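Peer 1: protein.json (JSON, N, CA and C atoms) pasted underneath:
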[["chain", "number", "residue", "atom", "x", "y", "z"],
["A", 1284, "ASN", "N", -59.43, 73.30, 11.80],
["A", 1284, "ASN", "CA", -60.71, 73.12, 11.12],
["A", 1284, "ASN", "C", -61.33, 71.76, 11.42],
["A", 1285, "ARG", "N", -60.54, 70.79, 11.86],
["A", 1285, "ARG", "CA", -61.06, 69.47, 12.14],
["A", 1285, "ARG", "C", -61.97, 69.52, 13.37],
["A", 1286, "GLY", "N", -62.47, 68.35, 13.77],
["A", 1286, "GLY", "CA", -63.48, 68.30, 14.80],
["A", 1286, "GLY", "C", -63.01, 68.87, 16.13],
["A", 1287, "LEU", "N", -63.99, 69.21, 16.97],
["A", 1287, "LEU", "CA", -63.68, 69.71, 18.30],
["A", 1287, "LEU", "C", -62.88, 68.69, 19.10],
["A", 1288, "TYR", "N", -63.19, 67.41, 18.93],
["A", 1288, "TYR", "CA", -62.41, 66.40, 19.63],
["A", 1288, "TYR", "C", -61.04, 66.22, 19.01],
["A", 1289, "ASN", "N", -60.89, 66.48, 17.71],
["A", 1289, "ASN", "CA", -59.55, 66.48, 17.13],
["A", 1289, "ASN", "C", -58.72, 67.61, 17.71],
["A", 1290, "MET", "N", -59.34, 68.76, 17.96],
["A", 1290, "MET", "CA", -58.59, 69.84, 18.60],
["A", 1290, "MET", "C", -58.23, 69.50, 20.04],
["A", 1291, "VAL", "N", -59.18, 68.93, 20.78],
["A", 1291, "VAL", "CA", -58.89, 68.52, 22.15],
["A", 1291, "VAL", "C", -57.76, 67.51, 22.18],
["A", 1292, "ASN", "N", -57.76, 66.55, 21.25],
["A", 1292, "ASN", "CA", -56.70, 65.55, 21.22],
["A", 1292, "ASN", "C", -55.36, 66.19, 20.88],
["A", 1293, "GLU", "N", -55.33, 67.00, 19.82],
["A", 1293, "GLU", "CA", -54.07, 67.60, 19.39],
["A", 1293, "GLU", "C", -53.49, 68.52, 20.45],
["A", 1294, "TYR", "N", -54.34, 69.11, 21.30],
["A", 1294, "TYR", "CA", -53.83, 70.00, 22.34],
["A", 1294, "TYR", "C", -52.77, 69.32, 23.19],
["A", 1295, "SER", "N", -53.10, 68.17, 23.77],
["A", 1295, "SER", "CA", -52.19, 67.51, 24.69],
["A", 1295, "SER", "C", -51.32, 66.46, 24.01],
["A", 1296, "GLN", "N", -51.76, 65.91, 22.88],
["A", 1296, "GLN", "CA", -51.09, 64.75, 22.31],
["A", 1296, "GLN", "C", -49.83, 65.15, 21.57],
["A", 1297, "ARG", "N", -49.97, 65.95, 20.52],
["A", 1297, "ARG", "CA", -48.85, 66.31, 19.65],
["A", 1297, "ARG", "C", -48.37, 67.70, 20.01],
["A", 1298, "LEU", "N", -47.06, 67.83, 20.22],
["A", 1298, "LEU", "CA", -46.47, 69.12, 20.56],
["A", 1298, "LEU", "C", -46.81, 70.16, 19.50],
["A", 1299, "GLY", "N", -46.93, 71.41, 19.93],
["A", 1299, "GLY", "CA", -47.43, 72.46, 19.07],
["A", 1299, "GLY", "C", -46.54, 72.80, 17.90],
["A", 1300, "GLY", "N", -46.93, 73.83, 17.15],
["A", 1300, "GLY", "CA", -46.12, 74.31, 16.05],
["A", 1300, "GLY", "C", -45.11, 75.36, 16.46],
["A", 1301, "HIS", "N", -43.85, 74.95, 16.59],
["A", 1301, "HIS", "CA", -42.70, 75.82, 16.83],
["A", 1301, "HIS", "C", -42.83, 76.69, 18.07],
["A", 1302, "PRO", "N", -42.86, 76.12, 19.27],
["A", 1302, "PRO", "CA", -42.76, 76.92, 20.49],
["A", 1302, "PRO", "C", -41.32, 77.24, 20.86],
["A", 1303, "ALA", "N", -41.16, 78.27, 21.68],
["A", 1303, "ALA", "CA", -39.83, 78.75, 22.01],
["A", 1303, "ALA", "C", -39.13, 77.81, 22.97],
["A", 1304, "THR", "N", -37.80, 77.94, 23.03],
["A", 1304, "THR", "CA", -37.03, 77.14, 23.97],
["A", 1304, "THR", "C", -36.98, 77.81, 25.33],
["A", 1305, "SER", "N", -36.65, 77.02, 26.34],
["A", 1305, "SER", "CA", -36.48, 77.51, 27.69],
["A", 1305, "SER", "C", -35.02, 77.39, 28.09],
["A", 1306, "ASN", "N", -34.67, 78.08, 29.16],
["A", 1306, "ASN", "CA", -33.31, 78.08, 29.68],
["A", 1306, "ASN", "C", -32.31, 78.37, 28.58],
["A", 1307, "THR", "N", -32.56, 79.44, 27.83],
["A", 1307, "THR", "CA", -31.57, 80.01, 26.94],
["A", 1307, "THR", "C", -31.57, 81.51, 27.13],
["A", 1308, "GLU", "N", -30.50, 82.15, 26.67],
["A", 1308, "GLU", "CA", -30.41, 83.60, 26.79],
["A", 1308, "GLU", "C", -31.55, 84.27, 26.02],
["A", 1309, "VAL", "N", -31.90, 83.73, 24.85],
["A", 1309, "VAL", "CA", -33.02, 84.21, 24.05],
["A", 1309, "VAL", "C", -33.80, 83.00, 23.56],
["A", 1310, "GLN", "N", -34.88, 83.26, 22.82],
["A", 1310, "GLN", "CA", -35.83, 82.22, 22.45],
["A", 1310, "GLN", "C", -35.55, 81.74, 21.04],
["A", 1311, "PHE", "N", -35.00, 80.54, 20.92],
["A", 1311, "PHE", "CA", -34.92, 79.84, 19.64],
["A", 1311, "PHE", "C", -36.05, 78.81, 19.56],
["A", 1312, "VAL", "N", -36.35, 78.40, 18.33],
["A", 1312, "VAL", "CA", -37.39, 77.42, 18.06],
["A", 1312, "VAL", "C", -36.96, 76.02, 18.49],
["A", 1313, "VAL", "N", -37.92, 75.19, 18.86],
["A", 1313, "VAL", "CA", -37.62, 73.84, 19.32],
["A", 1313, "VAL", "C", -37.60, 72.89, 18.13],
["A", 1314, "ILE", "N", -36.49, 72.19, 17.95],
["A", 1314, "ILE", "CA", -36.40, 71.15, 16.95],
["A", 1314, "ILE", "C", -36.37, 69.76, 17.58],
["A", 1315, "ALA", "N", -35.67, 69.61, 18.70],
["A", 1315, "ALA", "CA", -35.49, 68.34, 19.40],
["A", 1315, "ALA", "C", -36.16, 68.44, 20.76],
["A", 1316, "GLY", "N", -37.30, 67.78, 20.92],
["A", 1316, "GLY", "CA", -38.04, 67.87, 22.15],
["A", 1316, "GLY", "C", -37.68, 66.81, 23.16],
["A", 1317, "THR", "N", -36.46, 66.86, 23.70],
["A", 1317, "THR", "CA", -36.05, 65.88, 24.70],
["A", 1317, "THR", "C", -36.91, 65.98, 25.95],
["A", 1318, "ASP", "N", -36.83, 67.11, 26.64],
["A", 1318, "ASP", "CA", -37.58, 67.32, 27.88],
["A", 1318, "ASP", "C", -38.48, 68.54, 27.76],
["A", 1319, "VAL", "N", -39.16, 68.67, 26.63],
["A", 1319, "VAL", "CA", -40.11, 69.75, 26.41],
["A", 1319, "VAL", "C", -41.42, 69.37, 27.09],
["A", 1320, "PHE", "N", -41.71, 70.00, 28.22],
["A", 1320, "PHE", "CA", -42.86, 69.69, 29.06],
["A", 1320, "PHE", "C", -43.88, 70.81, 29.03],
["A", 1321, "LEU", "N", -44.18, 71.37, 27.87],
["A", 1321, "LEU", "CA", -44.96, 72.60, 27.82],
["A", 1321, "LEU", "C", -46.32, 72.38, 27.18],
["A", 1322, "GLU", "N", -47.24, 73.29, 27.51],
["A", 1322, "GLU", "CA", -48.56, 73.37, 26.91],
["A", 1322, "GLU", "C", -48.89, 74.83, 26.66],
["A", 1323, "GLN", "N", -49.70, 75.08, 25.64],
["A", 1323, "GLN", "CA", -49.95, 76.46, 25.24],
["A", 1323, "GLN", "C", -51.42, 76.67, 24.89],
["A", 1324, "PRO", "N", -52.16, 77.43, 25.70],
["A", 1324, "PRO", "CA", -53.60, 77.57, 25.48],
["A", 1324, "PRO", "C", -54.02, 78.70, 24.55],
["A", 1325, "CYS", "N", -53.11, 79.54, 24.10],
["A", 1325, "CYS", "CA", -53.48, 80.57, 23.14],
["A", 1325, "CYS", "C", -53.48, 80.07, 21.70],
["A", 1326, "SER", "N", -52.77, 78.98, 21.41],
["A", 1326, "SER", "CA", -52.80, 78.41, 20.07],
["A", 1326, "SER", "C", -54.20, 77.92, 19.73],
["A", 1327, "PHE", "N", -54.90, 77.40, 20.72],
["A", 1327, "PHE", "CA", -56.25, 76.89, 20.52],
["A", 1327, "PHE", "C", -57.22, 78.00, 20.16],
["A", 1328, "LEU", "N", -57.19, 79.08, 20.94],
["A", 1328, "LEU", "CA", -58.12, 80.21, 20.78],
["A", 1328, "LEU", "C", -57.69, 81.39, 19.91],
["A", 1329, "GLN", "N", -56.42, 81.43, 19.51],
["A", 1329, "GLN", "CA", -55.93, 82.52, 18.66],
["A", 1329, "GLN", "C", -56.14, 83.93, 19.24],
["A", 1330, "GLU", "N", -55.90, 84.11, 20.53],
["A", 1330, "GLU", "CA", -56.06, 85.42, 21.17],
["A", 1330, "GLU", "C", -54.86, 85.77, 22.07],
["A", 1331, "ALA", "N", -54.62, 87.06, 22.27],
["A", 1331, "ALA", "CA", -53.50, 87.49, 23.10],
["A", 1331, "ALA", "C", -54.00, 88.43, 24.18],
["A", 1332, "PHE", "N", -53.52, 88.26, 25.39],
["A", 1332, "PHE", "CA", -54.07, 89.01, 26.51],
["A", 1332, "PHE", "C", -53.46, 90.40, 26.59],
["B", 100, "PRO", "N", -27.85, 56.52, 39.46],
["B", 100, "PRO", "CA", -28.60, 55.70, 38.50],
["B", 100, "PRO", "C", -29.08, 56.51, 37.31],
["B", 101, "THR", "N", -29.84, 55.90, 36.40],
["B", 101, "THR", "CA", -30.44, 56.62, 35.28],
["B", 101, "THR", "C", -31.81, 56.03, 34.98],
["B", 102, "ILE", "N", -32.42, 56.54, 33.91],
["B", 102, "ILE", "CA", -33.72, 56.08, 33.43],
["B", 102, "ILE", "C", -33.60, 55.73, 31.96],
["B", 103, "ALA", "N", -34.35, 54.72, 31.53],
["B", 103, "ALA", "CA", -34.45, 54.41, 30.11],
["B", 103, "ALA", "C", -35.50, 55.28, 29.44],
["B", 104, "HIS", "N", -35.18, 55.78, 28.25],
["B", 104, "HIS", "CA", -36.05, 56.72, 27.54],
["B", 104, "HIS", "C", -36.29, 56.23, 26.12],
["B", 105, "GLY", "N", -37.38, 56.73, 25.54],
["B", 105, "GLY", "CA", -37.80, 56.31, 24.22],
["B", 105, "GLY", "C", -37.23, 57.16, 23.11],
["B", 106, "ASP", "N", -36.90, 58.41, 23.42],
["B", 106, "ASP", "CA", -36.28, 59.30, 22.46],
["B", 106, "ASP", "C", -34.88, 58.79, 22.10],
["B", 107, "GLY", "N", -34.34, 59.31, 21.01],
["B", 107, "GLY", "CA", -32.99, 58.97, 20.64],
["B", 107, "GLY", "C", -31.92, 59.73, 21.37],
["B", 108, "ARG", "N", -32.26, 60.35, 22.50],
["B", 108, "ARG", "CA", -31.34, 61.23, 23.20],
["B", 108, "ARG", "C", -30.05, 60.51, 23.56],
["B", 109, "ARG", "N", -28.95, 61.25, 23.55],
["B", 109, "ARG", "CA", -27.67, 60.66, 23.91],
["B", 109, "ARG", "C", -27.75, 60.08, 25.32],
["B", 110, "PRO", "N", -27.37, 58.83, 25.50],
["B", 110, "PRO", "CA", -27.59, 58.20, 26.80],
["B", 110, "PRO", "C", -26.45, 58.46, 27.76],
["B", 111, "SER", "N", -26.77, 58.91, 28.96],
["B", 111, "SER", "CA", -25.77, 59.01, 30.01],
["B", 111, "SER", "C", -25.39, 57.61, 30.46],
["B", 112, "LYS", "N", -24.10, 57.31, 30.41],
["B", 112, "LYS", "CA", -23.63, 55.99, 30.80],
["B", 112, "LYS", "C", -23.58, 55.92, 32.32],
["B", 113, "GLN", "N", -22.91, 54.92, 32.87],
["B", 113, "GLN", "CA", -22.72, 54.86, 34.31],
["B", 113, "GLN", "C", -21.87, 56.02, 34.78],
["B", 114, "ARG", "N", -22.27, 56.63, 35.89],
["B", 114, "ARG", "CA", -21.56, 57.76, 36.47],
["B", 114, "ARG", "C", -21.20, 57.45, 37.91],
["B", 115, "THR", "N", -20.26, 58.21, 38.44],
["B", 115, "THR", "CA", -19.84, 58.06, 39.83],
["B", 115, "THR", "C", -19.06, 59.29, 40.26],
["B", 116, "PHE", "N", -19.27, 59.71, 41.51],
["B", 116, "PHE", "CA", -18.65, 60.91, 42.06],
["B", 116, "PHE", "C", -17.75, 60.53, 43.22],
["B", 117, "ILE", "N", -16.63, 61.23, 43.35],
["B", 117, "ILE", "CA", -15.71, 61.05, 44.47],
["B", 117, "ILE", "C", -15.41, 62.42, 45.07],
["B", 118, "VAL", "N", -15.66, 62.57, 46.37],
["B", 118, "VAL", "CA", -15.51, 63.83, 47.06],
["B", 118, "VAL", "C", -14.62, 63.61, 48.27],
["B", 119, "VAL", "N", -13.84, 64.63, 48.62],
["B", 119, "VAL", "CA", -12.92, 64.54, 49.74],
["B", 119, "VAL", "C", -13.19, 65.69, 50.70],
["B", 120, "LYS", "N", -13.16, 65.39, 52.00],
["B", 120, "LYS", "CA", -13.27, 66.39, 53.04],
["B", 120, "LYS", "C", -12.06, 66.29, 53.95],
["B", 121, "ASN", "N", -11.58, 67.43, 54.44],
["B", 121, "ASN", "CA", -10.38, 67.50, 55.26],
["B", 121, "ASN", "C", -10.69, 68.14, 56.61],
["B", 122, "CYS", "N", -9.75, 67.98, 57.53],
["B", 122, "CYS", "CA", -9.87, 68.47, 58.90],
["B", 122, "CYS", "C", -9.38, 69.91, 59.03],
["B", 123, "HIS", "N", -9.81, 70.57, 60.10],
["B", 123, "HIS", "CA", -9.28, 71.87, 60.48],
["B", 123, "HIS", "C", -8.84, 71.80, 61.94],
["B", 124, "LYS", "N", -7.76, 72.50, 62.27],
["B", 124, "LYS", "CA", -7.22, 72.49, 63.62],
["B", 124, "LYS", "C", -7.41, 73.85, 64.30],
["B", 125, "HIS", "N", -7.71, 73.82, 65.59],
["B", 125, "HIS", "CA", -8.01, 75.02, 66.36],
["B", 125, "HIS", "C", -7.17, 75.05, 67.62],
["B", 126, "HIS", "N", -6.81, 76.25, 68.06],
["B", 126, "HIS", "CA", -5.92, 76.44, 69.19],
["B", 126, "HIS", "C", -6.54, 77.41, 70.20],
["B", 127, "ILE", "N", -6.27, 77.16, 71.48],
["B", 127, "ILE", "CA", -6.80, 77.95, 72.58],
["B", 127, "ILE", "C", -5.67, 78.25, 73.55],
["B", 128, "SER", "N", -5.59, 79.50, 74.02],
["B", 128, "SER", "CA", -4.57, 79.86, 74.99],
["B", 128, "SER", "C", -5.14, 80.85, 76.00],
["B", 129, "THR", "N", -4.41, 81.00, 77.10],
["B", 129, "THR", "CA", -4.75, 81.93, 78.16],
["B", 129, "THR", "C", -3.49, 82.20, 78.98],
["B", 130, "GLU", "N", -3.45, 83.32, 79.70],
["B", 130, "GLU", "CA", -2.31, 83.63, 80.54],
["B", 130, "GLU", "C", -2.77, 84.02, 81.93],
["B", 131, "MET", "N", -2.06, 83.50, 82.93],
["B", 131, "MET", "CA", -2.33, 83.78, 84.33],
["B", 131, "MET", "C", -1.02, 84.26, 84.94],
["B", 132, "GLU", "N", -1.10, 85.07, 85.98],
["B", 132, "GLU", "CA", 0.08, 85.65, 86.60],
["B", 132, "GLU", "C", 0.09, 85.36, 88.10],
["B", 133, "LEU", "N", 1.29, 85.19, 88.64],
["B", 133, "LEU", "CA", 1.50, 84.93, 90.06],
["B", 133, "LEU", "C", 2.75, 85.65, 90.51],
["B", 134, "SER", "N", 2.76, 86.11, 91.75],
["B", 134, "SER", "CA", 3.92, 86.84, 92.23],
["B", 134, "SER", "C", 4.98, 85.88, 92.76],
["B", 135, "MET", "N", 6.22, 86.37, 92.78],
["B", 135, "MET", "CA", 7.33, 85.56, 93.25],
["B", 135, "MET", "C", 7.25, 85.34, 94.75],
["B", 136, "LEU", "N", 6.79, 86.33, 95.50],
["B", 136, "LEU", "CA", 6.71, 86.17, 96.94],
["B", 136, "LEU", "C", 5.79, 84.99, 97.21],
["B", 137, "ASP", "N", 4.73, 84.88, 96.43],
["B", 137, "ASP", "CA", 3.77, 83.80, 96.58],
["B", 137, "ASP", "C", 4.38, 82.45, 96.23],
["B", 138, "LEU", "N", 5.07, 82.36, 95.10],
["B", 138, "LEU", "CA", 5.66, 81.09, 94.69],
["B", 138, "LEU", "C", 6.80, 80.68, 95.62],
["B", 139, "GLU", "N", 7.53, 81.65, 96.17],
["B", 139, "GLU", "CA", 8.68, 81.33, 97.00],
["B", 139, "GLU", "C", 8.27, 80.68, 98.31],
["B", 140, "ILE", "N", 7.22, 81.20, 98.96],
["B", 140, "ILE", "CA", 6.82, 80.65, 100.25],
["B", 140, "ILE", "C", 6.08, 79.34, 100.13],
["B", 141, "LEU", "N", 5.91, 78.82, 98.92],
["B", 141, "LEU", "CA", 5.47, 77.44, 98.74],
["B", 141, "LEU", "C", 6.60, 76.45, 98.98],
["B", 142, "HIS", "N", 7.84, 76.92, 98.95],
["B", 142, "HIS", "CA", 9.01, 76.06, 99.01],
["B", 142, "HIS", "C", 9.54, 75.89, 100.42],
["B", 143, "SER", "N", 9.36, 76.89, 101.27],
["B", 143, "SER", "CA", 9.97, 76.92, 102.59],
["B", 143, "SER", "C", 8.99, 76.43, 103.64],
["B", 144, "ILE", "N", 9.50, 75.65, 104.58],
["B", 144, "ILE", "CA", 8.67, 75.17, 105.69],
["B", 144, "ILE", "C", 8.45, 76.32, 106.67],
["B", 145, "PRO", "N", 7.23, 76.53, 107.14],
["B", 145, "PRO", "CA", 6.96, 77.71, 107.96],
["B", 145, "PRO", "C", 7.38, 77.49, 109.41],
["B", 146, "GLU", "N", 7.97, 78.53, 109.99],
["B", 146, "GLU", "CA", 8.51, 78.44, 111.34],
["B", 146, "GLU", "C", 7.45, 78.65, 112.40],
["B", 147, "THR", "N", 6.81, 79.82, 112.36],
["B", 147, "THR", "CA", 5.82, 80.26, 113.36],
["B", 147, "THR", "C", 4.39, 80.29, 112.84],
["B", 148, "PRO", "N", 3.40, 80.30, 113.74],
["B", 148, "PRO", "CA", 2.01, 80.28, 113.25],
["B", 148, "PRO", "C", 1.64, 81.43, 112.34]]
Could I get this structure in the form of structure tokens?
Peer 2:
Amino acid sequence: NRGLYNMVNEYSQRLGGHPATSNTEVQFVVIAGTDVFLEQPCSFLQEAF
Amino acid sequence: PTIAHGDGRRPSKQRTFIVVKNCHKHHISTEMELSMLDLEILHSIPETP
């Protein structure tokens, strides 16, 4: 709900809300982001392809 | 070597690897045949042309 520039900033600045882990047999939630190098563009738009 | 990081991640200390390589040996053989009549007349001085 905050400004458009607040959304642009939060996109790259602060890691998202509970994205899945990589290199595991299944997807658990991320608690410790040591080498979490991910970005997610559907969180911004709320749509699924 | 390593890198310094800002996270509280467990730090990898100094590391070092030791590897060993060994030799392999190869063998080659062959067989040739000669007749006795041939080997014998190498020993005797020839009489006639």
Peer 1: Of the residues A:1312, A:1305, A:1317, A:1323, which is the one nearest to chain B, using only N, CA and C atoms?
Peer 2: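 The answer is A:1317, which sits nearest to chain B.
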Peer 1: If we count only C-alpha atoms and set the cut-off at 10 Å, which residues sit around residue 1299 (chain A), ignoring sequence neighbours fewer than 5 positions away in its own chain? Please answer as a list in words.
Peer 2: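 Close residues of residue 1299 (chain A): residues 1293, 1294, 1313, 1321, 1322, 1323, 1326 and 1327 of chain A.
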Peer 1: Identify all chain A residues at most 12 Å from chain B by counting only C-alpha atoms; ligands do not count. Present them as a PDB file with N, CA and C atoms, in the frame of the given file.
Peer 2:
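So selection-v6.pdb came out as:
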ATOM      1  N   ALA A1315     -35.670  69.610  18.700  1.00  0.00           N
ATOM      2  CA  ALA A1315     -35.490  68.340  19.400  1.00  0.00           C
ATOM      3  C   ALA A1315     -36.160  68.440  20.760  1.00  0.00           C
ATOM      4  N   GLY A1316     -37.300  67.780  20.920  1.00  0.00           N
ATOM      5  CA  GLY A1316     -38.040  67.870  22.150  1.00  0.00           C
ATOM      6  C   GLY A1316     -37.680  66.810  23.160  1.00  0.00           C
ATOM      7  N   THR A1317     -36.460  66.860  23.700  1.00  0.00           N
ATOM      8  CA  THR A1317     -36.050  65.880  24.700  1.00  0.00           C
ATOM      9  C   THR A1317     -36.910  65.980  25.950  1.00  0.00           C
ATOM     10  N   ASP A1318     -36.830  67.110  26.640  1.00  0.00           N
ATOM     11  CA  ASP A1318     -37.580  67.320  27.880  1.00  0.00           C
ATOM     12  C   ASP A1318     -38.480  68.540  27.760  1.00  0.00           C
ATOM     13  N   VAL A1319     -39.160  68.670  26.630  1.00  0.00           N
ATOM     14  CA  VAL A1319     -40.110  69.750  26.410  1.00  0.00           C
ATOM     15  C   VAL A1319     -41.420  69.370  27.090  1.00  0.00           C
TER      16      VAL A1319
END
Peer 1: Work out how far atom N of residue 1291 (chain A) is from CA of residue 1328 (chain A), in Å to one decimal.
Peer 2: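 Between CA of residue 1328 (chain A) and atom N of residue 1291 (chain A) the gap is 11.3 Å.
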Peer 1: Report the distance between CA of residue 145 (chain B) and CA of residue 131 (chain B) in Å, rounded to one decimal place.
Peer 2: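 Those two atoms sit 26.1 Å apart.
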Peer 1: To one decimal place, how far is CA of residue 1329 (chain A) from CA of residue 1300 (chain A) in Å?
Peer 2: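 Between these atoms lies a distance of 13.1 Å.
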Peer 1: Please return as a PyMOL selection string: the residues of chain B that backbone DSSP assigns to alpha helix (DSSP H).
Peer 2: chain B and resi 135-139
Peer 1: Starting from the block above, write region 1297-1317 of chain A out to a file with N, CA, C and O atoms, as a PDB file, in the first residue's frame, please.
Peer 2:
ATOM      1  N   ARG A1297      15.004  -5.434   0.523  1.00  0.00           N
ATOM      2  CA  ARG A1297      14.710  -6.375   1.593  1.00  0.00           C
ATOM      3  C   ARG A1297      14.169  -7.662   0.999  1.00  0.00           C
ATOM      4  O   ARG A1297      13.242  -7.633   0.186  1.00  0.00           O
ATOM      5  N   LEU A1298      14.752  -8.785   1.411  1.00  0.00           N
ATOM      6  CA  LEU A1298      14.318 -10.086   0.921  1.00  0.00           C
ATOM      7  C   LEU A1298      12.832 -10.288   1.192  1.00  0.00           C
ATOM      8  O   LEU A1298      12.279  -9.780   2.170  1.00  0.00           O
ATOM      9  N   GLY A1299      12.182 -11.030   0.304  1.00  0.00           N
ATOM     10  CA  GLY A1299      10.740 -11.157   0.333  1.00  0.00           C
ATOM     11  C   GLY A1299      10.182 -11.862   1.549  1.00  0.00           C
ATOM     12  O   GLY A1299      10.918 -12.203   2.477  1.00  0.00           O
ATOM     13  N   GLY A1300       8.869 -12.069   1.555  1.00  0.00           N
ATOM     14  CA  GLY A1300       8.222 -12.803   2.621  1.00  0.00           C
ATOM     15  C   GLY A1300       8.170 -14.296   2.366  1.00  0.00           C
ATOM     16  O   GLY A1300       7.354 -14.769   1.570  1.00  0.00           O
ATOM     17  N   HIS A1301       9.056 -15.037   3.026  1.00  0.00           N
ATOM     18  CA  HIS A1301       9.085 -16.495   3.047  1.00  0.00           C
ATOM     19  C   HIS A1301       9.167 -17.139   1.666  1.00  0.00           C
ATOM     20  O   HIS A1301       8.225 -17.821   1.250  1.00  0.00           O
ATOM     21  N   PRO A1302      10.262 -16.962   0.935  1.00  0.00           N
ATOM     22  CA  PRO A1302      10.472 -17.730  -0.292  1.00  0.00           C
ATOM     23  C   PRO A1302      11.084 -19.097  -0.016  1.00  0.00           C
ATOM     24  O   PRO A1302      11.688 -19.340   1.026  1.00  0.00           O
ATOM     25  N   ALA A1303      10.929 -19.987  -0.989  1.00  0.00           N
ATOM     26  CA  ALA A1303      11.352 -21.367  -0.810  1.00  0.00           C
ATOM     27  C   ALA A1303      12.868 -21.489  -0.857  1.00  0.00           C
ATOM     28  O   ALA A1303      13.576 -20.610  -1.350  1.00  0.00           O
ATOM     29  N   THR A1304      13.368 -22.601  -0.327  1.00  0.00           N
ATOM     30  CA  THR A1304      14.794 -22.862  -0.380  1.00  0.00           C
ATOM     31  C   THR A1304      15.163 -23.537  -1.691  1.00  0.00           C
ATOM     32  O   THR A1304      14.326 -24.116  -2.385  1.00  0.00           O
ATOM     33  N   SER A1305      16.443 -23.469  -2.018  1.00  0.00           N
ATOM     34  CA  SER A1305      16.984 -24.122  -3.192  1.00  0.00           C
ATOM     35  C   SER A1305      17.916 -25.240  -2.764  1.00  0.00           C
ATOM     36  O   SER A1305      18.347 -25.307  -1.612  1.00  0.00           O
ATOM     37  N   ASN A1306      18.226 -26.115  -3.712  1.00  0.00           N
ATOM     38  CA  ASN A1306      19.105 -27.248  -3.472  1.00  0.00           C
ATOM     39  C   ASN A1306      18.670 -28.022  -2.235  1.00  0.00           C
ATOM     40  O   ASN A1306      19.458 -28.285  -1.327  1.00  0.00           O
ATOM     41  N   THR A1307      17.387 -28.355  -2.187  1.00  0.00           N
ATOM     42  CA  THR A1307      16.876 -29.323  -1.232  1.00  0.00           C
ATOM     43  C   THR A1307      15.965 -30.283  -1.971  1.00  0.00           C
ATOM     44  O   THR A1307      15.513 -30.008  -3.081  1.00  0.00           O
ATOM     45  N   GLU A1308      15.705 -31.426  -1.346  1.00  0.00           N
ATOM     46  CA  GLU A1308      14.810 -32.398  -1.959  1.00  0.00           C
ATOM     47  C   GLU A1308      13.420 -31.809  -2.154  1.00  0.00           C
ATOM     48  O   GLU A1308      12.771 -32.062  -3.173  1.00  0.00           O
ATOM     49  N   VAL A1309      12.948 -31.015  -1.196  1.00  0.00           N
ATOM     50  CA  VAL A1309      11.676 -30.312  -1.286  1.00  0.00           C
ATOM     51  C   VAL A1309      11.882 -28.881  -0.800  1.00  0.00           C
ATOM     52  O   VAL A1309      12.978 -28.497  -0.396  1.00  0.00           O
ATOM     53  N   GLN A1310      10.818 -28.090  -0.835  1.00  0.00           N
ATOM     54  CA  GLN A1310      10.909 -26.657  -0.595  1.00  0.00           C
ATOM     55  C   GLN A1310      10.521 -26.344   0.841  1.00  0.00           C
ATOM     56  O   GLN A1310       9.340 -26.391   1.190  1.00  0.00           O
ATOM     57  N   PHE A1311      11.506 -26.015   1.668  1.00  0.00           N
ATOM     58  CA  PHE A1311      11.260 -25.432   2.979  1.00  0.00           C
ATOM     59  C   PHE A1311      11.441 -23.923   2.908  1.00  0.00           C
ATOM     60  O   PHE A1311      12.055 -23.390   1.985  1.00  0.00           O
ATOM     61  N   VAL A1312      10.872 -23.235   3.894  1.00  0.00           N
ATOM     62  CA  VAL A1312      10.944 -21.781   3.994  1.00  0.00           C
ATOM     63  C   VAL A1312      12.341 -21.335   4.400  1.00  0.00           C
ATOM     64  O   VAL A1312      13.057 -22.062   5.085  1.00  0.00           O
ATOM     65  N   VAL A1313      12.727 -20.136   3.975  1.00  0.00           N
ATOM     66  CA  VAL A1313      14.056 -19.611   4.283  1.00  0.00           C
ATOM     67  C   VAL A1313      14.005 -18.850   5.600  1.00  0.00           C
ATOM     68  O   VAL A1313      13.205 -17.924   5.771  1.00  0.00           O
ATOM     69  N   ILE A1314      14.842 -19.253   6.547  1.00  0.00           N
ATOM     70  CA  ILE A1314      15.005 -18.518   7.789  1.00  0.00           C
ATOM     71  C   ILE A1314      16.347 -17.794   7.842  1.00  0.00           C
ATOM     72  O   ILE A1314      16.420 -16.650   8.290  1.00  0.00           O
ATOM     73  N   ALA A1315      17.407 -18.431   7.350  1.00  0.00           N
ATOM     74  CA  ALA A1315      18.765 -17.895   7.383  1.00  0.00           C
ATOM     75  C   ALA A1315      19.225 -17.667   5.951  1.00  0.00           C
ATOM     76  O   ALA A1315      19.525 -18.626   5.233  1.00  0.00           O
ATOM     77  N   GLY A1316      19.294 -16.408   5.541  1.00  0.00           N
ATOM     78  CA  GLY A1316      19.655 -16.095   4.176  1.00  0.00           C
ATOM     79  C   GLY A1316      21.138 -15.883   3.971  1.00  0.00           C
ATOM     80  O   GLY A1316      21.572 -14.759   3.703  1.00  0.00           O
ATOM     81  N   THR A1317      21.932 -16.943   4.111  1.00  0.00           N
ATOM     82  CA  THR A1317      23.368 -16.825   3.899  1.00  0.00           C
ATOM     83  C   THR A1317      23.683 -16.430   2.464  1.00  0.00           C
ATOM     84  O   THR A1317      24.205 -15.340   2.212  1.00  0.00           O
TER      85      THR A1317
END
